[PDB]
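Shown next, in structure tokens, is the structure this report addresses.
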2 protein chains.
Amino acid sequence: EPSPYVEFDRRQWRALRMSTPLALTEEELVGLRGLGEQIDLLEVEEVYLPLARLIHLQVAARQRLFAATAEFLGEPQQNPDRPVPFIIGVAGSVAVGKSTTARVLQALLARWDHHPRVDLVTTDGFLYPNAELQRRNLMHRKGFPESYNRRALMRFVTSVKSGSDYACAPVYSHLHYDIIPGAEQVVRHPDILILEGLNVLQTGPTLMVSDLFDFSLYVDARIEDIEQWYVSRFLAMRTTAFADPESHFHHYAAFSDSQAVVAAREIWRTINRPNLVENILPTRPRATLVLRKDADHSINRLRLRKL
Amino acid sequence: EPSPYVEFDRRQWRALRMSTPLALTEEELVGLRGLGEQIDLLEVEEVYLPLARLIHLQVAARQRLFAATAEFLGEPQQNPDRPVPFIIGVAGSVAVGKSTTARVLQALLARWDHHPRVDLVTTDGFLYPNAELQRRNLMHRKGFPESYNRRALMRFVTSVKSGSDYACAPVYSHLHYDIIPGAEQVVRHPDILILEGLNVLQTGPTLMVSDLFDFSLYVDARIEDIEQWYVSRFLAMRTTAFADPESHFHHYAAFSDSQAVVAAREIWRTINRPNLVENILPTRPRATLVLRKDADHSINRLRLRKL
Ligand SMILES: Nc1ncnc2c1ncn2[C@@H]1O[C@H](COP(=O)(O)OP(=O)(O)O)[C@@H](O)[C@H]1O
Ligand SMILES: Nc1ncnc2c1ncn2[C@@H]1O[C@H](COP(=O)(O)OP(=O)(O)O)[C@@H](O)[C@H]1O
Ligand SMILES: CC(C)(COP(=O)(O)O)[C@@H](O)C(=O)NCCC(=O)O
Ligand SMILES: CC(C)(COP(=O)(O)O)[C@@H](O)C(=O)NCCC(=O)O
Ligand SMILES: [Cl-]
Ligand SMILES: [Cl-]
Ligand code: NA
Ligand code: NA
Ligand code: NA
Ligand code: NA
Ligand code: NA
Ligand code: NA
Ligand code: NA
Ligand code: NA
């Protein structure tokens, strides 16, 4: 029965690398690797290289489209490099590794011929500040669609894709668990902008950032596996992130293994799992490429949208 | 403030016609005109020609994209004309004129160089049969999302865009107010497929036909104006459609002017208006081009998505 997708196994997807060159060292990879992520140079070669190639084939092709419209409007043939920024979305559950995937992708794309300006923006910088979340009674819903200033977000991405010279996004501190007063991330007419976040693929009764994506990724895994990853990372943070006295999770540092497992499981049960099931997972169907990971964080299956 | 859209007035949109030739006679136009629609050759020239041009510029550009993916997959460069069917969606409220717009567009595109096979499929053929609607208690919700066999619909469009040699759609009778037993519309690998219907632009927790559109139109008008058009058309049908003894609206033929106005207003109040406000209008934001009509059915404003 015909399908808009095409499934691959690592074997099949690996062959699509072709001549694509690997321009990243094991040392550079470490600096991009997030806590709990296994990614090695091999995976970058068999999985991330084919992806980078496909994306490179699409950037050119995507320009044909904006050009066609530009020609229809009679507008002057547009600037040879101040082109329409190519927007990439990276979605998935918390603790699934979106951070690593986006940072690795950014690195690969940056090391392409003629060195394209590749920016990466996470959506946590568009979360409402704690004070505002408290006001709306959303302090226990960080990550849910309603916890974001969606208009400011859509405004930012539209600015960038529309050719603005500079656009700014607020900044979120994981150490302080809130938006940083006065902090801003300035994006200046990049060639490629990667927008990473839990619900970047959401659709709605209004035009949303997902409507501006030229390509999108959805890092997937079995829900039980992701919970395990989450709990495991929670315990591990007792000596890294939570160890800092400024951490708003510092009281968790002292928790015992079982005490931490209980706490992590409750947060997952009451916050992250519901959000994944109700909001994130329902957006997976429209992702251009789904990276399916196994219990060991290994990407062993991929689903591409041919249509 | 940057925007993904661009607004035009008839004056501005008219200039975008360029050399586009008018290959339709006033007589051929009549056969495409629906009851209550004013469209004249002028409007076809100042509004439909620029549109046809833009669409022609995009068909080529859209092929670059599927080609890029085809190249990435190593697949053999695809058939010179058995290309990826270009899907066009036409949405809007009942009584807004989607019928005319789609039939006129189909005609214009058919009369293009090398004569492309342009099929037109309305979604009423995917409505559940009355018996099934009764079963689900939806006999007073024909037109609402839930009144359609959405999977069969998505299955049909996916088949066509995926390159199937032939795909079939059921057929709906407005005379019998139900699906015709044994009737089918066969679509055979057309170059362009126009899918017309109330909620064709809807998004959801599953991949939908709107996700397969390469271009989309939304025929718009002020809600009050559309109601007037609806009521007016209702009264007028007393001597056309309702006059037939087989019509399931034949008892309305005898209604007086005021009696018919009351009936039409109630159907609009309880069925069509709610559907427009709750389901149709919320899809307008993602339409490629919005044709804004004035009280006299005249398209005098257009909103295009540049992004
Ligand atoms: N409680 C926390 N304290 C400090 N840092 C955190 C905390 N939770 C998550 N982070 C870090 O911030 C980012 C959050 O990632 P998550 O939101 O878990 O998405 P993903 O795992 O797909 O990148 C990661 O770098 C994660 O390590
Ligand atoms: N009650 C009816 N009886 C017979 N034909 C109808 C009836 N209602 C609508 N139609 C016709 O079937 C099509 C319905 O159009 P509508 O569903 O009103 O969308 P639109 O006006 O945008 O084409 C039009 O051809 C309309 O004239
Ligand atoms: C800030 C996040 C919700 C992620 O936001 P995102 O950048 O994906 O928009 C997440 O990293 C986080 O800190 N969540 C707090 C609750 C939890 O630990 O599950
Ligand atoms: C069948 C329709 C709902 C239109 O369906 P569509 O082809 O847009 O999917 C409409 O033409 C219709 O007959 N509606 C019946 C109720 C009414 O007259 O408002
Ligand atoms: Cl919508
Ligand atoms: Cl969704
Ligand atoms: Na992880
Ligand atoms: Na920058
Ligand atoms: Na998932
Ligand atoms: Na929710
Ligand atoms: Na009409
Ligand atoms: Na046909
Ligand atoms: Na409307
Ligand atoms: Na509804």
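Residue numbering restarts at 1 for every chain of the structure tokens, chains are lettered A, B, ... in their displayed order, and ligands are numbered from 1 as they appear.
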
Quick check: residues of chain B within 7 Å of chain A, only C-alpha atoms, returned as a PyMOL selection string. chain B and resi 2-4+16+54+57-58+61-62+64-65+68-69+72-73+158-159+162+203+205-207+212+282-283+285-286+307

Residues within 8 Å of ligand 13, counting only C-alpha atoms and all ligand atoms: report them as number ranges by chain. B: 92-93, 96, 218-223, 276, 280-281, 284

Members of stretch 93-232 of chain A assigned alpha helix (DSSP H) by DSSP, as a PyMOL selection string: chain A and resi 98-110+130-135+150-161+223-232

So that I can see what lies close to stretch 263-266 of chain B, please list as a list in words the residues with an atom at most 12 Å from it, counting only C-alpha atoms and leaving out residues fewer than 5 positions away in the same chain. residues 95, 140, 224, 226, 227, 228, 229, 230, 231, 232, 233, 234, 235, 236, 237, 238, 249, 251, 252, 253, 255, 256, 257, 258, 271, 272, 273 and 274 of chain B

Could you write out the selected residues, including N, CA, C and O atoms, as a compact mmCIF listing (two decimals), in the first residue's frame?
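Below is the file that was written, result.txt:
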```
# COMPACT_ATOMS: atom_id res chain seq x y z
N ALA B 95 -21.01 27.60 0.02
CA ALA B 95 -21.57 28.79 -0.62
C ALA B 95 -20.57 29.91 -0.88
O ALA B 95 -20.96 31.03 -1.20
N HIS B 140 -26.53 15.67 10.91
CA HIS B 140 -26.67 17.11 10.95
C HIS B 140 -25.31 17.75 11.13
O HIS B 140 -25.16 18.80 11.75
N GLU B 224 -20.87 37.30 7.26
CA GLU B 224 -22.23 37.78 7.01
C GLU B 224 -22.55 37.72 5.51
O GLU B 224 -23.67 37.37 5.12
N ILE B 226 -21.25 35.68 3.30
CA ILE B 226 -21.40 34.29 2.91
C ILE B 226 -22.78 33.77 3.31
O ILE B 226 -23.40 33.01 2.56
N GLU B 227 -23.26 34.16 4.49
CA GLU B 227 -24.59 33.72 4.91
C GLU B 227 -25.63 34.24 3.93
O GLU B 227 -26.55 33.52 3.54
N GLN B 228 -25.49 35.51 3.54
CA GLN B 228 -26.42 36.09 2.60
C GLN B 228 -26.38 35.28 1.30
O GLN B 228 -27.42 34.93 0.75
N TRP B 229 -25.17 34.97 0.83
CA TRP B 229 -25.02 34.19 -0.39
C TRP B 229 -25.71 32.84 -0.23
O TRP B 229 -26.41 32.38 -1.14
N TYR B 230 -25.52 32.22 0.93
CA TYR B 230 -26.13 30.92 1.22
C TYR B 230 -27.66 30.98 1.19
O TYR B 230 -28.31 30.17 0.53
N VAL B 231 -28.23 31.93 1.93
CA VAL B 231 -29.68 32.08 1.98
C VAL B 231 -30.23 32.38 0.59
O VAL B 231 -31.19 31.76 0.13
N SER B 232 -29.60 33.34 -0.08
CA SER B 232 -30.01 33.71 -1.42
C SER B 232 -30.00 32.48 -2.34
O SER B 232 -30.96 32.24 -3.08
N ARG B 233 -28.93 31.70 -2.29
CA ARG B 233 -28.85 30.51 -3.13
C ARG B 233 -29.91 29.48 -2.72
O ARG B 233 -30.41 28.73 -3.56
N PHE B 234 -30.25 29.45 -1.44
CA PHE B 234 -31.26 28.52 -0.95
C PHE B 234 -32.60 28.84 -1.62
O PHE B 234 -33.25 27.95 -2.17
N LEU B 235 -33.00 30.11 -1.57
CA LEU B 235 -34.27 30.52 -2.17
C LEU B 235 -34.27 30.21 -3.68
O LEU B 235 -35.24 29.67 -4.21
N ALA B 236 -33.17 30.56 -4.35
CA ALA B 236 -33.04 30.33 -5.79
C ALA B 236 -33.13 28.85 -6.18
O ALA B 236 -33.58 28.52 -7.27
N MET B 237 -32.71 27.96 -5.29
CA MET B 237 -32.76 26.55 -5.61
C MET B 237 -34.17 25.99 -5.59
O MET B 237 -34.40 24.87 -6.05
N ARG B 238 -35.12 26.77 -5.08
CA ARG B 238 -36.51 26.34 -5.05
C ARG B 238 -37.01 26.03 -6.46
O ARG B 238 -37.88 25.17 -6.64
N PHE B 249 -34.69 17.80 -0.83
CA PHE B 249 -34.92 19.15 -0.38
C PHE B 249 -36.14 19.64 -1.17
O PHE B 249 -36.44 20.83 -1.19
N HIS B 251 -39.27 19.43 -0.58
CA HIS B 251 -40.38 20.00 0.16
C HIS B 251 -40.14 21.49 0.37
O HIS B 251 -41.06 22.23 0.70
N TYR B 252 -38.90 21.92 0.16
CA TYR B 252 -38.55 23.33 0.32
C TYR B 252 -38.96 24.17 -0.89
O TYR B 252 -39.07 25.40 -0.80
N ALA B 253 -39.16 23.51 -2.02
CA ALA B 253 -39.54 24.21 -3.25
C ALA B 253 -40.80 25.07 -3.06
O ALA B 253 -40.89 26.17 -3.59
N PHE B 255 -41.89 26.37 -0.16
CA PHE B 255 -41.73 27.42 0.84
C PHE B 255 -41.83 28.82 0.23
O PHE B 255 -41.43 29.03 -0.91
N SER B 256 -42.36 29.76 1.01
CA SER B 256 -42.48 31.13 0.55
C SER B 256 -41.11 31.77 0.77
O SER B 256 -40.22 31.15 1.35
N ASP B 257 -40.93 33.00 0.31
CA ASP B 257 -39.66 33.66 0.49
C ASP B 257 -39.24 33.67 1.96
O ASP B 257 -38.17 33.16 2.31
N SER B 258 -40.09 34.24 2.81
CA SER B 258 -39.77 34.32 4.24
C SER B 258 -39.62 32.94 4.90
O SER B 258 -38.79 32.76 5.78
N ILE B 271 -25.51 24.55 11.42
CA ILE B 271 -24.53 23.68 10.79
C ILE B 271 -23.31 24.36 10.16
O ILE B 271 -22.18 24.24 10.66
N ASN B 272 -23.55 25.08 9.08
CA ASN B 272 -22.49 25.72 8.33
C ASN B 272 -21.70 26.82 9.00
O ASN B 272 -20.49 26.92 8.81
N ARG B 273 -22.36 27.66 9.80
CA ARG B 273 -21.63 28.72 10.46
C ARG B 273 -20.66 28.12 11.50
O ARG B 273 -19.48 28.45 11.51
N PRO B 274 -21.16 27.23 12.38
CA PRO B 274 -20.30 26.62 13.40
C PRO B 274 -19.08 25.95 12.77
O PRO B 274 -17.96 26.09 13.25
```

Between A:78, A:142, A:128, A:198, which residue has the minimum interatomic distance to residue A:179, considering only C-alpha atoms?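 So, comparing all the options, the nearest one is A:128.
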
Spatial neighbours of residue A:157, max dist 12 Å, only C-alpha atoms, sep filter under 4 positions, as number ranges by chain: A: 85-89, 119-123, 126, 150-153, 161-164, 166-169, 187-190, 192-196, 200, 207-213; B: 2-4, 307

Mind the document's chain letters and residue numbers, and return as a PyMOL selection string the residues of stretch 91-253 of chain B that DSSP labels strand (DSSP E). chain B and resi 91+118-122+167-173+178-187+192-196+215-220

Restricting the output to N, CA, C and O atoms, write the selected residues as a compact mmCIF listing (two decimals), in the first residue's frame.
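Output file again_38.txt follows:
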```
# COMPACT_ATOMS: atom_id res chain seq x y z
N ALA B 91 -9.88 25.30 -0.37
CA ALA B 91 -10.72 25.31 0.82
C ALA B 91 -11.59 26.54 0.93
O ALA B 91 -11.39 27.53 0.21
N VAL B 118 -5.15 17.50 -15.93
CA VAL B 118 -5.56 18.15 -14.69
C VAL B 118 -6.88 17.61 -14.16
O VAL B 118 -7.95 17.91 -14.70
N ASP B 119 -6.81 16.83 -13.09
CA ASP B 119 -8.03 16.28 -12.50
C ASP B 119 -8.52 17.13 -11.33
O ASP B 119 -7.75 17.83 -10.68
N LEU B 120 -9.82 17.06 -11.08
CA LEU B 120 -10.44 17.79 -9.99
C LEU B 120 -11.30 16.86 -9.16
O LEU B 120 -12.22 16.23 -9.68
N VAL B 121 -10.99 16.76 -7.87
CA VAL B 121 -11.76 15.91 -6.97
C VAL B 121 -12.28 16.67 -5.75
O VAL B 121 -11.51 17.29 -5.02
N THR B 122 -13.60 16.62 -5.56
CA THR B 122 -14.24 17.27 -4.43
C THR B 122 -14.30 16.26 -3.29
O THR B 122 -14.46 15.06 -3.53
N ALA B 167 -6.36 5.59 -9.23
CA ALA B 167 -6.87 5.66 -7.88
C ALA B 167 -8.35 5.99 -8.00
O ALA B 167 -8.76 6.68 -8.94
N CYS B 168 -9.16 5.51 -7.07
CA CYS B 168 -10.59 5.76 -7.13
C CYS B 168 -11.16 6.44 -5.90
O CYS B 168 -10.73 6.20 -4.78
N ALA B 169 -12.15 7.31 -6.14
CA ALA B 169 -12.82 8.04 -5.08
C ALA B 169 -14.31 7.75 -5.19
O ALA B 169 -14.82 7.51 -6.29
N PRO B 170 -15.03 7.73 -4.05
CA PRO B 170 -16.47 7.45 -4.16
C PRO B 170 -17.11 8.72 -4.73
O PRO B 170 -16.43 9.74 -4.89
N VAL B 171 -18.40 8.66 -5.03
CA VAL B 171 -19.07 9.82 -5.60
C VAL B 171 -20.29 10.20 -4.78
O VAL B 171 -21.06 9.34 -4.36
N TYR B 172 -20.45 11.50 -4.56
CA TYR B 172 -21.57 12.01 -3.79
C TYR B 172 -22.64 12.66 -4.68
O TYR B 172 -22.32 13.46 -5.55
N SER B 173 -23.90 12.32 -4.44
CA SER B 173 -25.00 12.90 -5.20
C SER B 173 -25.67 14.01 -4.40
O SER B 173 -26.11 13.78 -3.27
N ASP B 178 -26.60 11.81 -0.82
CA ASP B 178 -25.89 10.66 -0.28
C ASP B 178 -24.84 10.17 -1.27
O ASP B 178 -24.74 10.68 -2.39
N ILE B 179 -24.06 9.18 -0.86
CA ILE B 179 -23.04 8.59 -1.71
C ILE B 179 -23.75 7.65 -2.70
O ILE B 179 -24.67 6.92 -2.33
N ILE B 180 -23.32 7.68 -3.96
CA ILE B 180 -23.92 6.86 -5.00
C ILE B 180 -23.42 5.43 -4.99
O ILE B 180 -22.23 5.18 -5.18
N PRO B 181 -24.33 4.46 -4.79
CA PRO B 181 -23.88 3.07 -4.77
C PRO B 181 -23.16 2.68 -6.06
O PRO B 181 -23.68 2.89 -7.14
N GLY B 182 -21.96 2.13 -5.92
CA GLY B 182 -21.19 1.68 -7.06
C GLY B 182 -20.48 2.73 -7.89
O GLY B 182 -19.69 2.38 -8.76
N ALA B 183 -20.75 4.01 -7.65
CA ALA B 183 -20.10 5.06 -8.43
C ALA B 183 -18.67 5.28 -7.98
O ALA B 183 -18.36 5.20 -6.79
N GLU B 184 -17.80 5.57 -8.93
CA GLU B 184 -16.41 5.83 -8.62
C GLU B 184 -15.82 6.79 -9.63
O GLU B 184 -16.24 6.82 -10.78
N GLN B 185 -14.88 7.61 -9.17
CA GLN B 185 -14.20 8.56 -10.04
C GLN B 185 -12.78 8.03 -10.11
O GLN B 185 -12.12 7.89 -9.08
N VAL B 186 -12.33 7.71 -11.32
CA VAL B 186 -10.99 7.15 -11.50
C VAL B 186 -10.03 8.24 -11.93
O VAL B 186 -10.29 8.97 -12.89
N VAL B 187 -8.93 8.37 -11.20
CA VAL B 187 -7.91 9.36 -11.49
C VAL B 187 -6.67 8.57 -11.92
O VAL B 187 -6.21 7.68 -11.20
N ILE B 192 -1.52 17.28 -12.52
CA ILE B 192 -2.00 18.15 -11.47
C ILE B 192 -3.34 17.63 -10.98
O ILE B 192 -4.22 17.31 -11.77
N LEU B 193 -3.48 17.55 -9.66
CA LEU B 193 -4.71 17.10 -9.02
C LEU B 193 -5.19 18.20 -8.11
O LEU B 193 -4.46 18.64 -7.22
N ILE B 194 -6.42 18.66 -8.34
CA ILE B 194 -7.00 19.69 -7.50
C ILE B 194 -8.00 19.02 -6.56
O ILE B 194 -8.93 18.35 -7.01
N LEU B 195 -7.76 19.17 -5.26
CA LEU B 195 -8.64 18.59 -4.25
C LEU B 195 -9.42 19.74 -3.64
O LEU B 195 -8.85 20.59 -2.96
N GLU B 196 -10.72 19.76 -3.88
CA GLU B 196 -11.58 20.83 -3.39
C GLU B 196 -12.52 20.35 -2.29
O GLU B 196 -13.17 19.30 -2.42
N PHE B 215 0.47 23.41 -3.20
CA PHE B 215 -0.11 24.75 -3.29
C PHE B 215 -1.54 24.69 -2.77
O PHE B 215 -2.23 23.68 -2.94
N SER B 216 -2.01 25.77 -2.16
CA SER B 216 -3.37 25.76 -1.65
C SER B 216 -4.07 27.10 -1.76
O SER B 216 -3.45 28.16 -1.62
N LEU B 217 -5.38 27.05 -2.01
CA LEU B 217 -6.19 28.25 -2.12
C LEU B 217 -7.28 28.23 -1.05
O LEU B 217 -7.79 27.17 -0.67
N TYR B 218 -7.63 29.42 -0.56
CA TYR B 218 -8.68 29.57 0.42
C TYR B 218 -9.56 30.72 -0.07
O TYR B 218 -9.15 31.88 -0.04
N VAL B 219 -10.77 30.38 -0.53
CA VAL B 219 -11.71 31.38 -1.01
C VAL B 219 -12.38 31.96 0.23
O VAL B 219 -13.10 31.27 0.96
N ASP B 220 -12.15 33.25 0.46
CA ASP B 220 -12.65 33.93 1.64
C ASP B 220 -13.67 35.06 1.40
O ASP B 220 -13.79 35.58 0.29
```

Students should find that atom CA of residue A:141 and atom CA of residue A:98 are spaced 19.3 Å

Within 9 Å of residue B:101, counting only C-alpha atoms, which residues qualify if same-chain residues fewer than 5 places away don't, as a PyMOL selection string? chain B and resi 32-33+48+90+106+219

Atoms kept (C-alpha atoms) for selection, written as a PDB file, in the first residue's frame:
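Generated output (part13.pdb):
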```
ATOM      1  CA  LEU B  32     -17.907  26.365 -15.189  1.00  0.00           C
ATOM      2  CA  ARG B  33     -19.881  29.001 -13.304  1.00  0.00           C
ATOM      3  CA  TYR B  48      -6.973  33.844 -12.368  1.00  0.00           C
ATOM      4  CA  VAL B  90      -9.073  24.511  -2.513  1.00  0.00           C
ATOM      5  CA  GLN B 106      -8.683  23.366 -13.774  1.00  0.00           C
ATOM      6  CA  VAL B 219     -11.710  31.381  -1.012  1.00  0.00           C
TER       7      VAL B 219
END
```

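For the choices B:99, B:199, B:147, B:288, the atom-to-atom distance to ligand 5 is smallest for B:199 when using only C-alpha atoms and all ligand atoms.
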
I'd like the interatomic distance between atom CA of residue B:139 and atom 13 (O, counted along the ligand's line) of ligand 4, to a tenth of an Å.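 Distance reported for this atom pair: 11.5 Å.
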
So what do you get for atom CA of residue B:109 versus atom CA of residue B:52, distance-wise?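 So the two atoms, atom CA of residue B:109 and atom CA of residue B:52, lie 6.7 Å apart.
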
Contacts of residue B:11 within 9 Å, only C-alpha atoms, excl. fewer than 3 positions in-chain, as a PyMOL selection string: chain B and resi 8+14-15+46+300

For those residues, write C-alpha atoms to a file as a JSON list (two decimals), in the first residue's frame.
```json
[["chain", "number", "residue", "atom", "x", "y", "z"],
["B", 8, "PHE", "CA", -2.38, 42.74, -2.85],
["B", 14, "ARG", "CA", -3.37, 42.32, -12.04],
["B", 15, "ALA", "CA", 0.10, 43.51, -13.12],
["B", 46, "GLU", "CA", -6.94, 40.08, -13.65],
["B", 300, "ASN", "CA", -10.74, 42.39, -4.73]]
```

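Residue nearest ligand 8 within the list A:191, A:76, A:289, A:262: A:191 [criterion: smallest interatomic distance, only C-alpha atoms and all ligand atoms].
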
Which residue, B:303, B:174, B:297, B:250, has the smallest gap to ligand 4 when you use only C-alpha atoms and all ligand atoms? B:174
